[PDB]
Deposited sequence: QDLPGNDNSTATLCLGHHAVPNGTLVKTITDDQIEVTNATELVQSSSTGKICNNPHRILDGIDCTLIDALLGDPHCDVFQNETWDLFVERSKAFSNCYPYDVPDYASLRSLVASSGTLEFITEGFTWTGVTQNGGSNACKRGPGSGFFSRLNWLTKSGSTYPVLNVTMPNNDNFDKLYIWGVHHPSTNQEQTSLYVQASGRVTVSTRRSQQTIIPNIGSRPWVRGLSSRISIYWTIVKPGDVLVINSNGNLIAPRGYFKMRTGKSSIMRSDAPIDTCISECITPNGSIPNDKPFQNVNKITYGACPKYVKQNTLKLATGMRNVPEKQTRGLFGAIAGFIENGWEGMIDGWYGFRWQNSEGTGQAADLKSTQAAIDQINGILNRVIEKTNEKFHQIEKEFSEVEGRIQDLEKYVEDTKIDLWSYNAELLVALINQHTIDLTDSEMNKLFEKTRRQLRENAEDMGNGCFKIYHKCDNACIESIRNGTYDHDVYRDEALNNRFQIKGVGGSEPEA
């Protein structure tokens, strides 16, 4: 043997995975990873977020103090979960802007209630109904005070309560809507009631409407629920000639991370940052396809059910078994110890060795990409709706749909673009190792065109190792090689 072959090549695998680039619709790589979380455990983890299971109670029924919700008094949450099974079992009521009251109480994160010393002169307090049983007898909302006539008169109620504290007070109050003119006069002497609740800049002016509503728990009557916020330095005044459902005091308002979610998923003893109505999901992936409704440190919702990011190079796996070949022809499935390396034929037979510098350079770039590819949101907007509403709901749905489409586009582009760069940097390290070998060899070898060098001199395993190391002296073999090349 007067010559040697030194082939440059890269690893390949028997299986392999198809991914998208900018340049190729489908290209096989050695390895890929999923960027879309498509699976939930089905359970909401009660750590690290404080989960409050509403059970049979909406947040509003906990707020008002519906007797079967009295267990939620002074409750606090990071996430209130309202169940499908929830029912109201007190006086039948409406909240004109239900969604807003639900939202601002949810965001406050507390039903911390402070009873205040309201003095109601010339009226009988603590009115009850058989539609709102507490214990054996008739009762009412724990946080509201049903005022009616004393003897045969109902005076103009005119009370004030100053806010001398350094936080916002939330006052929940109501207006009674009697079923008949008979019912109006019996409870509140005047034929037409009135509830004015004001601060220095704000006022609410509500007139009760007499009439039969649908029978609920015995009653065709209704309470309409209102709220007033009073800031530090400001004051509350309540003025009524009838139909006032009075506050007992205020809810202490807070700022921070608290929200509310509709889910029937059971609460479990586990740890997960990200909550969806389907259950907790892991947040290791940048994107998720489980639910557009999320709470906590979550992947971004996208329309795609899968996105495959390349974590490896292009995968390139008839009687001629002796010959060796390089990267121009194909990859090497035998190459265990590295991504790139050498195969040679010489005096001492066939050998193979990985190159760790080229291998590590490729791995370090891909790991750096993965590091950057792998935000916490708390109270957001509602994304599902049980009633048709028109304009506001149309805008809420259009905002979320706009968002999903823009992030879905961002996710599609990012994966295609990074996959393009991963193919390119992995091809680049192969070419760099071939060029680096070419430059060492000088005039002692020529390019066989298959990603291998024909070395035109005796090059034993020690000689080959010197090429694989930095240290090969072209000069010591130059005479021998030039003679082999340019004569025979």
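Discussion item. What are the C-alpha gaps when you align the coordinates back onto the deposited sequence?
Written reply: Absent from the structure are positions 1-7, 325-328, 386-388, 503-512.
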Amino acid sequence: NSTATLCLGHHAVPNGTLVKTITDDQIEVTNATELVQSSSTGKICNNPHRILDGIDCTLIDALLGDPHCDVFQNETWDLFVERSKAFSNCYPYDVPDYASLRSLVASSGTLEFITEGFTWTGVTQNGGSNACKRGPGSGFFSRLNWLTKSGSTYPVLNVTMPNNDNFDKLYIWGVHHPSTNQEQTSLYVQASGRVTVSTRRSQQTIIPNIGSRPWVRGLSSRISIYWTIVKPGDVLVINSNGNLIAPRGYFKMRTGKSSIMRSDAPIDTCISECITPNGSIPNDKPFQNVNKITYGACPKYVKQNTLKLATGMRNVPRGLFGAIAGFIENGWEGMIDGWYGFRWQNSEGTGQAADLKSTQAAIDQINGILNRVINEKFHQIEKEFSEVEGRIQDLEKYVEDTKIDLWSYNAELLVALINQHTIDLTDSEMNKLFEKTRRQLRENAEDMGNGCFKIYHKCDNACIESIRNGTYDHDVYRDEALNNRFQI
From here on, numbers count along this sequence of modelled residues.
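Worksheet item: If you average the CA temperature factors over each stretch, which comes out higher, 98-106 or 196-204?
Response: Between 98-106 and 196-204, it is 196-204.
Practice prompt. Give the stretch, out of 345-353 and 394-402, with the larger mean C-alpha temperature factor in the deposited entry.
Written response: Looking at the recorded C-alpha B-factors, 345-353 comes out higher on average.
Discussion item. By the CA temperature factor listed in this entry, which of these ranks top: 259, 119, 228, 224?
Written reply: Highest CA B-factor of the listed options: 119.
Fill in: Candidate set 74, 304, 278, 148 [ranked by C-alpha B-factor, highest]
Of the options given, 148 has the highest CA B-factor in the PDB entry.
Worksheet item: Which third of the chain does residue 233 land in by C-alpha B-factor: lowest, middle or highest?
Response: It falls in the top third of the chain.
Item to complete: Tell me, lowest, middle or highest third: where does the Cα B factor of residue 268 rank within its chain?
Response: According to the entry, residue 268 has a C-alpha B-factor in the chain's middle third.
Worksheet entry | Ranked against its chain, the third holding the CA B-factor of residue 299 | Ranked within chain, residue 299 CA B lands in the lowest tercile.
Item to complete: Within this chain's modelled residues, let me know which third the CA B factor of residue 217 belongs to: lowest, middle or highest.
Response: Top third by C-alpha B-factor.
Worksheet entry | Where the record places residue 388 (Cα B-factor, split into thirds across the chain) | It belongs to the middle third of the chain when residues are ordered by C-alpha B-factor.
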